[PDB]
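Below is one structure, written out as structure tokens, with a few remarks after it.
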Amino acid sequence: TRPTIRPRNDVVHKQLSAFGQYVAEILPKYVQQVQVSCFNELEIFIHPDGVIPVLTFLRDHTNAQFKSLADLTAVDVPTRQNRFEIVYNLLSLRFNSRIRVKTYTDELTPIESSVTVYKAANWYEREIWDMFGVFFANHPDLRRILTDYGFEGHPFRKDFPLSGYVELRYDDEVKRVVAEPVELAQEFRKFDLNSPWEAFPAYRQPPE
Amino acid sequence: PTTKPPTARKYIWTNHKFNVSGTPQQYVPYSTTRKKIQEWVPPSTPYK
Amino acid sequence: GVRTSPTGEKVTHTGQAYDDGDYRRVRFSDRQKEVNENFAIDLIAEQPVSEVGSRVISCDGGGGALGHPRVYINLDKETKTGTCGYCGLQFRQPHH
Amino acid sequence: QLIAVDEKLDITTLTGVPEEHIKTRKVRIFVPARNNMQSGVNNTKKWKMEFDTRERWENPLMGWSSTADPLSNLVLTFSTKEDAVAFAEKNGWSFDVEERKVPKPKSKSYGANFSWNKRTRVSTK
Amino acid sequence: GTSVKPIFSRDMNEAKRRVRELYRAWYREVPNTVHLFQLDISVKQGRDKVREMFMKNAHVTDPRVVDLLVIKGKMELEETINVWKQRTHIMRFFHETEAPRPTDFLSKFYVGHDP
Amino acid sequence: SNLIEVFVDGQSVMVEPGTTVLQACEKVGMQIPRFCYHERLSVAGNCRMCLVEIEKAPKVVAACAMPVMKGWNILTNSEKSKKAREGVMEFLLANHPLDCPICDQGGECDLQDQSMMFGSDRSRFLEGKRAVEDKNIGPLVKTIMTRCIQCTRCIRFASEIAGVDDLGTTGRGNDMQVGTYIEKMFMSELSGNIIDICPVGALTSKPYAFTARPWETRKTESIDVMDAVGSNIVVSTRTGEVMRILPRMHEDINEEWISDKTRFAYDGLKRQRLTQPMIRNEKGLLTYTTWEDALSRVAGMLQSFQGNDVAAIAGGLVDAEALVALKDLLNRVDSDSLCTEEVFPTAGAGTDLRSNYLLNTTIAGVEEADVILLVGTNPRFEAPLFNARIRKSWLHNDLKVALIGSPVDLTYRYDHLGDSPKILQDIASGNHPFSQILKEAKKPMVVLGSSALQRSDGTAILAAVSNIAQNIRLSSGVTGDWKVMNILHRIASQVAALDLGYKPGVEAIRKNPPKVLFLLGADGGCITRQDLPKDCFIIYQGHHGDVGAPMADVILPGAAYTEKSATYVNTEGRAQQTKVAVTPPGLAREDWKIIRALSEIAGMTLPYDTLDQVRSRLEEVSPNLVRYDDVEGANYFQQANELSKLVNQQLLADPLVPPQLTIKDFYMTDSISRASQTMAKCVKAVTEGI
Amino acid sequence: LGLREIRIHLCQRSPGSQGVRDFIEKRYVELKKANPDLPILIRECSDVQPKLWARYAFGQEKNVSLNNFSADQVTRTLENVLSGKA
Ligand code: SF4
Ligand code: SF4
Ligand code: FES
Ligand SMILES: [Mg+2]
Ligand SMILES: [Zn+2]
């Protein structure tokens, strides 16, 4: 591979694969899948019931001790029966490593709050609740953190429109800021950019 | 520009103008395109 | 090549002018209507046709890399002249 | 630990959508047709859900295109027809489903161009 | 089958109990909200608005949806009591600046193409 | 069975004998790059972009032309195939002009996309490029031949699909050029399709030039109404304006093509439009008014008169929803005189049995036929895609075609039996040898056009054709469900109107003139004020100002087919629905909404309030109108045949002459096409050519 | 009181429409010979019970199911509708 191509690292790949197998062996009750990406990133797909145990293990085990929670977020995939996927990114300073833990939920199934494992989760789950409508059970105080007071809906959902449903202005008759249905002087221009002639043969799906 | 002058072009303004906001010479936006749908013109002669 | 509409407004190079009954003309009262006086079609119509003794000629608009993409123009048709699709310059073979 | 309640899923009261953008809308679930300007078929793999077209008018200033419906640009992607139907039903949207169009397989024969007695024989190539 | 994990309530009865508790809290809070925000509405019409908002969701027959709505209503009450909302947020429930939309067929036909 | 096993990238797949490497790769989901190969055209094999490596084979093969062999392992992504693709793309791009910013095929170019996906990212061509002079082939297809890559798709389409052999190649080697070699317009009803098949900007749409980029356009999947074929289309719009019409693939109806009128008549949608309600003033002139005023004025006359004094006429572009709404409104007045401008004979069964007025064989069924007899029709201009299907069957199945009528050019050779209608009887009697030709046929087809039914002998001509079909069934026997008898329609609204119970023709109006007349898009000029009593109240509802509007007392602006979700039934009996691409201009409204509002103002309020309720009403009246792709139905030829033997109308000695004799008669047929400048330019070009 | 039109909606392959189908195949023509100006629109249902609609003056319509009727049953129904007696 020539200078324009990102170099590979087989040593880290082997180490991450071995540790993924190790984690899957220790907790077979919850670990559904283990993957390592070609750029050496380890993800562990677990059942929703194992959020508190697995995280606790990854925080407290002598061989793991992932003591830092870098980020916690959600991804909305409407085609799946379980709509939302919950992603935890953890960092271990002792072993200079990163791990990703993935689980899933739908609109109505609550997910156990992990504030007892990581304090940093407190706001993150709140943001998820604000943006995706995922409820976290036993959260110390769950409420909106980013949207306006009284905002209806969850904007980061795929079916939520980009400009929303209401807009704000100042009305002199009532002498205050009011909210009315959105009306754009220029509509957002939707661009169809995806080309035919697929780009990456290595990701081709079976034709079923 | 005294030692080397800018290139002369026929379309370049011979008289520079300053900011004309808040002045009858101010710019007023408008649509530069023509009518898209032409209405049918009824005939001027009575039918019966 | 600015003209004047029968109402009194200047007709732009795109040919736009509010009709007589158009209320939108009220936006120009006590103010002015921005019209560019240099009409590109007339200005390019004034350039003389280049005489070249070649069947195919290349045009880049002049200035090298400061012009447009270089394109090749065929001059086989004697009835008309070859025109650059970017710049509008005209080229012709020396008939007779 | 489980309720086992029997009722079709309905989340309309939780999504925050205004009332007249649930019952008056008509979504279309379809596999998009191939753009006839090109031969590539990579844009005809997934299912799309899109909303019905609403009014568009001219801005009195600048003559821009103005709209009043918030769902004019909303398009969703789905793996199968069933997934899109389930999403539409749980979101309370009336839908029209269009069955996928697949170009039927064809019989090509280069030698048929040079036919001894059939009309498939070409006059130029 | 169709077994699902609960949120707060196992059947509809517990859900209605939670709904009644939230309704009591809102009904109690309305006069204090009217006085604190210096609203020009009356207590009667504020309680009518609370009743209307509750009745908007009267068709729900799923306990999970019911107690999720109860959670959202409790969040709204928390915002109101702690004066995190302003007067504009409270008055947004009334839509005083919106011209009324006629419902009959002829009026909709006259104003435009929108059903 | 006979399936053979091959391997694509080591994956086993079973294919029929004769399957090429390209189709074998298709079956697994891999699309081989191509420039000259098209599914609907003959194999060319000149662009060499489909070169792929076979395992244990030193030479790459052309996937589009090479039949696959048993046990072959096709390596679609091997290094050899990728290098071949890069070399071919380099050669294709060496002389290509740097016209992408000014080329209309910018974001829709197969050359661009395949260069990005399979070619290199730079050039090592240090020479000068070649330039060729452009060709003029008419006002529809803009030609810039420097962009041509010599794939010969246009030549193959013109020769095989359009039946026109005017395109070709001249010269040799690098200076070989695609054209006509003489100044000549390539003018056919299918001429615009060469824009779609051309992979580059060499052939582009002239009226569409420079107007939009592909990434801007919103695509609305809809149906054409310019004829009765019902070809599926995509309306490309931008910022609330219709920008172009493209064909939409449907194997059973239009395959991959649309007619020139379908493609280029959308220009008329922006001209001579009805945007406001209009009434008559004291001077007798048409003046603008509000919806309430015009609707109340119509409702007053609707209440004043009743029964036979009220009548309606439907035009050729009317949807089923408006038809059923008008029928219900007039029925509430006790008026049954609901008519169409098109004439179908009402004797015998008439519209009682659906198969009596349908193309029972279907468009796809033409591919199963072996003999076809055309009676009093010009399929080339009345139903161009049906004629294209006939041509395809003639080319690939050796279909035998015979015509009774004037010897029009059909783009394929056929047998001209004659011009006199009496020949039909001579075929029915059995003296004509074509009776024997039909007898020996396994899948015979008889197609009678509605244009022939427009004459006074429509009943007798239909009876004679029914006699021919009955003789065929009685002699050749029942091969199964073949449905020999067929009728080819020309207007989009006719079949839905006959399904809803409308009276075909306007003879009911002539027999009993009304005092209030509804013109629902009626622009044929069948009924004028001379055929009507004095002070007849005429209402015109439509979208275009044409022959029907200036004679009206009240004008109600309606929606065109691009501005509503509406139901149309094609000549096959297949129901399809359009979608809203843009909203109606000005104060124009949906047609059935106009009728429902009028019914409410007049006090005879119709039950339905939404489009779903109107379609439920349609299901109540004719349940096949809500099955949106079904073309199957029951055959009642026997009952209609015996019912056609009651009357004995005689045939006149008038030769069967279709309204469309030449191409100039094809461009201007409806109100939308009459308002189009593109069609006017086409008419000017065909009448006098430069 | 005057009958305007009749519509018969029958299904093509369903057993419940079978008798109705037979009716047509046997005697529709005869009915049309007796009522040359009455429109009897024959149309196709799908996954739906067979039906007979009758339209009278001023848009009044009545529909009667023909599910699993024999040919004689639909003949009797049509005769009852045509003669005006209930
Ligand atoms: S045909 Fe394609 S590659 Fe050639 S100039 Fe046009 S857009 Fe560019
Ligand atoms: S004009 Fe277009 S379709 Fe015809 S040979 Fe050239 S590239 Fe191919
Ligand atoms: S696609 Fe096979 S050679 Fe062109
Ligand atoms: Mg092209
Ligand atoms: Zn130039």
Side-chain angles (χ1 to χ4, degrees), chain F residues 306-307 327-338 346-356 481 498-504 508 573 575 599 604-607 617-627 630-647, chain G residues 1-67 71 78 82:
Chain F
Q306 96 162 357
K327 190 198 162 192
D328 287 5
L329 178 65
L330 255 71
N331 285 354
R332 261 146 208 63
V333 142
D334 191 87
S335 180
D336 280 271
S337 73
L338 288 131
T346 45
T351 55
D352 264 287
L353 301 169
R354 198 157 184 258
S355 303
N356 202 35
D481 44 353
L498 302 191
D499 280 348
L500 285 173
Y502 272 65
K503 276 162 201 359
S599 79
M604 335 188 213
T605 296
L606 302 170
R617 176 58 184 156
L618 283 164
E619 198 190 33
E620 280 180 351
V621 183
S622 182
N624 64 73
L625 299 177
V626 299
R627 299 200 277 289
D630 212 41
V631 77
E632 47 210 19
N635 185 247
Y636 296 121
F637 171 74
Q638 195 275 5
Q639 290 82 62
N641 182 232
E642 38 192 318
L643 286 171
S644 88
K645 273 187 233 82
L646 292 191
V647 76
Chain G
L1 62 95
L3 183 67
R4 293 304 181 251
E5 68 143 320
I6 287 178
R7 313 193 298 264
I8 294 152
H9 299 348
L10 76 166
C11 284
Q12 219 207 330
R13 286 138 162 69
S14 268
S17 297
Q18 169 65 82
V20 171
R21 294 196 288 269
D22 292 319
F23 167 78
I24 299 167
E25 195 260 321
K26 260 30 172 163
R27 50 193 92 171
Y28 163 75
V29 166
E30 280 325 336
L31 197 145
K32 194 56 161 145
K33 267 142 154 73
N35 305 106
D37 280 297
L38 175 70
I40 305 101
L41 276 44
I42 288 107
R43 306 296 178 250
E44 316 296 290
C45 55
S46 41
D47 296 331
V48 152
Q49 298 214 357
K51 262 161 179 343
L52 186 154
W53 304 75
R55 196 184 82 229
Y56 302 94
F58 292 94
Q60 316 302 339
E61 289 187 10
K62 323 166 145 73
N63 66 97
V64 45
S65 159
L66 301 153
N67 202 73
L78 266 166
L82 190 64

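The figures that follow rest on heavy atoms only: side chains count, while hydrogens, waters and symmetry mates do not. Each chain gets a letter, A, B and so on, in the order its sequence line appears, and its residues count up from 1.
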Is the count of non-hydrogen atoms from other residues, nucleotides or ligands lying under 6.0 Å from G:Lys26 atom NZ greater than 12? no
For the side chain of F:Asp334 and the backbone of G:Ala57, is there at least one donor-acceptor N/O pair under 3.5 Å apart? no
One option among G:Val48, G:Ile24, G:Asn63 has the most heavy-atom pairs under 4.5 Å with chain F, and it is G:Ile24
Against chain F, label G:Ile8 side chain, backbone, both or neither, depending on which of its atoms sit under 4.5 Å from a heavy atom there. neither
Output yes when G:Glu5 and F:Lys327 qualify as a salt bridge under the 4.0 Å nitrogen-oxygen rule, no when they do not. yes
Bottom line for G:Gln60: the part with an atom under 4.5 Å from chain F's heavy atoms is neither
Please examine the side chains of F:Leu625 and G:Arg43, heavy atoms only from C-beta on, and report whether any two atoms are closer than 4.5 Å. no
Say you draw a straight line from CZ of G:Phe58 to CE of F:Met604; how long is it, rounded to the nearest 0.5 Å? 9.5 Å
pair F:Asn624-G:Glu44: side-chain heavy atoms closer than 4.5 Å: no
Toward chain G, the part of F:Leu498 with a non-hydrogen atom under 4.5 Å: backbone
Point-to-point distance, once rounded to the nearest 0.5 Å, from CZ of G:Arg4 to CG of F:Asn331: 9.0 Å
Would you mind telling me which of F:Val626, F:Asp630, F:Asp328, F:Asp499 has the largest number of heavy-atom pairs within less than 4.5 Å of chain G? F:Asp499
To the nearest 0.5 angstrom, please state how far the CD1 atom of G:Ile40 sits from the CG atom of F:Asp352. 5.0 Å
Looking at G:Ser46, G:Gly2, G:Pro36, G:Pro39, which has the largest count of heavy-atom pairs under 4.5 Å with chain F? G:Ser46
If you compare all heavy atoms of G:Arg7 against all heavy atoms of F:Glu620, which two are closest, and at what distance to 0.1 Å? NH2-O, 3.2 Å
Closest contact, heavy atoms only, F:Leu646 versus G:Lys33: CD2-NZ, 3.4 Å
Of the listed F:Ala640, F:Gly633, F:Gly501, the one with the largest count of heavy-atom pairs under 4.5 Å with chain G is F:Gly633
Return the CZ to CD distance between G:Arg13 and F:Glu632, rounded to the nearest 0.5 Å. 6.5 Å
Cationic N near anionic O, under 4.0 Å, G:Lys51 to F:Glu619: no
